[PDB]
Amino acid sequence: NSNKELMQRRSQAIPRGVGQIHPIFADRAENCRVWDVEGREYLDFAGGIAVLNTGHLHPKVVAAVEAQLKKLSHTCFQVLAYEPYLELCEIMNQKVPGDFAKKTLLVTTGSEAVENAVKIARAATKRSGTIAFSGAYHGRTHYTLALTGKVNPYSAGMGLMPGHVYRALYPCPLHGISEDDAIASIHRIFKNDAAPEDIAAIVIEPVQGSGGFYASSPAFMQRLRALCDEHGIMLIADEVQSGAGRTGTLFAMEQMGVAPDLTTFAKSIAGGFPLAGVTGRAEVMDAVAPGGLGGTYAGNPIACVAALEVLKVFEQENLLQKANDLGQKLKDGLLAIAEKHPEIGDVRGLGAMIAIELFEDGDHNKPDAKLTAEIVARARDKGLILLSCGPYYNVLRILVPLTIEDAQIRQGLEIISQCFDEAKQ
């Protein structure tokens, strides 16, 4: 077939609303390699957007999936239960940070995970409002669009999203927002628009993904934890992207020295299959009356075993450790590039959640959304699949599977090195 031929049909059958980063149709993939319908091979650094921390179709994961496929694919837990769902919950309850009893709900998409986390926080505290941070991303349902700190294009032309969501400033010294500023912004909400007694939860990404890979410091999370504690507000850690080991630990919160009340997870949790969930303080999770929580596909059988296997593979294969190594390699590699390309104004990242911000002529005030896109474009023509993000589209985030070999690591770095040289000429 042909990529362009498939793109033409795409434009005829699918709405333009559905964006398309790379105009390539994949055919097969394996770990870090992807082959398009034209037979061309690529080194995947987007990882399906952090969904493949274990790589494309990890064998142990596929094996489990094939086995379950001989048994059953769906029943809808709420009608007839099944062990995989039960077993995954039990494991999340103990792996998700929190020195106390927890319970886990399994849904299907990261959006639904956040939707439920807030629902549960509201039923628990008996309050309606929530607070979210600038540059945050939490999903594409009406309510999660309101939580998401970005209107364009996610809400464009649709009108105002749900109310009673209040905006706080995410800490980010790189741009003049001090942890004191972030904390102050929360009190501002309490004083100006919504008293604590009306705030059911504060939703935050320990490390923002779509936001441009900006991380919270242990100190700030601790203050946030104290503030929430003082007002009986549930702290929700959206770990949909930062979770499943991307930061060096299974969940980023672990590195914050403090525990959330509720945690959402998805993407890499199932290494390539549709699964999401909420894990939180047991009594909070139970605040909802029976029949209150649910969903048809929720905690799908095949995805459950894949999740279980992903968790096994993480231990058997030492991914958490590799996640740190990989980040250090990419970070050193990228810094070597930064010594001959001032346009790269910052190399940051926790574990393997690495990213670089492109500024025009060094200046930390001139986002280069054009060079960024050029780098992506050039990178693709060289067989490297990259992704960008951040409120000013000048951030390159690397989400390559943790299972990547050193050769592919050097390979990718090299390709990114040229993209810049060939882009200054």
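Residue numbers run from 1 along the displayed sequence.
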Comparing 393-401 with 354-362, which stretch shows the greater average C-alpha B-factor in the deposited entry?
354-362
Could you settle it for me: does 175-183 or 267-275 have the higher average Cα B factor in the PDB entry?
175-183
Sort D238, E90, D332, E230 by C-alpha B-factor from the entry and give me just the highest.
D332
Among the choices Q255, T144, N324, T109, identify the one whose CA B-factor in the record is greatest.
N324
How does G47 rank on Cα B-factor within its chain, lowest, middle or highest third?
middle
Name the third of the chain's ranked CA B-factors that contains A289, choosing lowest, middle or highest.
middle
Of the three thirds of the chain ranked by Cα temperature factor, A13 occupies the middle
Please say which third, lowest, middle or highest, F133 falls into when its CA temperature factor is compared across its chain.
lowest
Taking the chain's C-alpha temperature factors as the reference, tell me which third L57 falls into: lowest, middle or highest.
middle
